[PDB]
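Just the one chain here, laid out as structure tokens, in the form deposited in one PDB entry.
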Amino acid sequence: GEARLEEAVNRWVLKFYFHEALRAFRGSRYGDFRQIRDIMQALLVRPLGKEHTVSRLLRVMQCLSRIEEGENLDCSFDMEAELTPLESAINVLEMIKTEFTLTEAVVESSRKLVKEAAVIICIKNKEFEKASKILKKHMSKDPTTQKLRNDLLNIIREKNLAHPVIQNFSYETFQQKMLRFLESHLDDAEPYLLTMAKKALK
């Protein structure tokens, strides 16, 4: 029973920090976001109670974590593969779509965004083969993106980082949209903890 008390608190702490992480992300305060993320990670090895209540929370956190790290290509969230953070972000996106019961129509516009930045970023980075790889595996597919497949494709062989697509690409702009997207499938709140701090910072 001493155990089920810890469980209850750990749940409050996770929810509270998840709340502050979005806040930090929202304010483009990415260092704080990262310190809070690590706290939540250290929190996951502990008894959380029942996983119906933080799994949506947890998935969005995963997506954001991978996105906030997308510019570091040597960083990996995949255990088995050499995946760029944005490739791993796509996979999370997929779990979110499956677990949040959303439709392809609702999700394709964001994931599309993710595919784009994953390639551009490889490109903005002189990593031209990965760029090709990601494009041929994720974008070398749909309809309304051919024009883009073909432009990103040529930008690659010519190494045209001088291209309007590349130069006007803004990751900060990218990040914020992804957060806006992920937020619209999550409640809003005040975590018991934050609510009790005010009830006392009284």
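In case it trips you up, residue 1 is the first one in the sequence shown, and so on. Rigid core: the largest C-alpha set superposing within 1.5 Å between the two forms.
When the mean C-alpha temperature factors of 139-147 and 44-52 are read from the deposited coordinates, 139-147 comes out higher.
With 122-130 and 80-88 compared on mean CA B-factor from the PDB entry, the stretch scoring higher is 122-130. The residue among 39, 155, 60, 67 whose C-alpha atom has the highest B-factor in the PDB entry is 155. Sorting the modelled residues of the chain by their CA temperature factor places residue 34 in the lowest third.
Ranked by C-alpha B-factor against the other modelled residues of its chain, residue 9 falls in the lowest third. Split the chain's modelled residues into thirds by C-alpha temperature factor. Residue 167 is in the highest one. Among the modelled residues of its chain, residue 189 has a C-alpha B-factor that falls in the highest third according to the deposited record. In the deposited entry, the Cα temperature factor of residue 160 places it in the highest third of its chain's modelled residues.
There is another form of the same protein, the form deposited in another entry; it is not shown, and what comes next is about it.
For the listed set 173, 167, 28, 35, the sole C-alpha moving 2 Å or more between this form and the one not shown on a rigid core superposition is that of 167. A movement of the C-alpha atom of residue 156 reaching 2 angstroms or beyond is seen between this form and the one not shown when the two forms are aligned on their rigid core. Note on residue 161 and residue 169: their C-alpha atoms are more widely spaced in the other entry, a change of at least 3 Å from this conformation.
In the other entry, the CA atoms of residue 170 and residue 161 move apart by 3 angstroms or more relative to this form.
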